[PDB]
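In the deposited numbering, the protein residues as written are 120 to 189.
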Amino acid sequence: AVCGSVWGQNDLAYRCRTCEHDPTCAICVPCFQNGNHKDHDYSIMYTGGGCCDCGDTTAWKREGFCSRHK
Ligand SMILES: [Zn+2]
Ligand SMILES: [Zn+2]
Ligand SMILES: [Zn+2]
């Protein structure tokens, strides 16, 4: 249902300003790759570590969920 990926400080992840509900939101690289963000305002970057928001309706717009957590 909600991605259980976690990553550390020096691990890349994705922000998407089109899909996020808060600037602190982020999704893991595989969730980004398996979703649809063309023409979105997204950036690969470091986030200080985190837990993936893919699948969480409180953190991420449903249209931005990957195929595996939709
Ligand atoms: Zn997006
Ligand atoms: Zn994920
Ligand atoms: Zn996902």
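For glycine and all other residues, C-beta sits at the position ideal for the given N, C-alpha and C.
In terms of side-chain proximity, the C-beta atom of residue 144 is found no nearer than 8 Å to any non-hydrogen atom of ligand 3.
With a cut-off of 8 Å, the C-beta of residue 188 is classified as near ligand 2, since at least one heavy atom of the ligand falls inside that distance. Just measuring C-alpha positions, the residue of 133, 121 and 123 sitting nearest residue 167 is 133.
Under the DSSP assignment, residue 135 falls in the beta strand (DSSP E) whose first and last residues are 131-135. Under DSSP, the beta-bridge partners assigned to residue 139 are 179.
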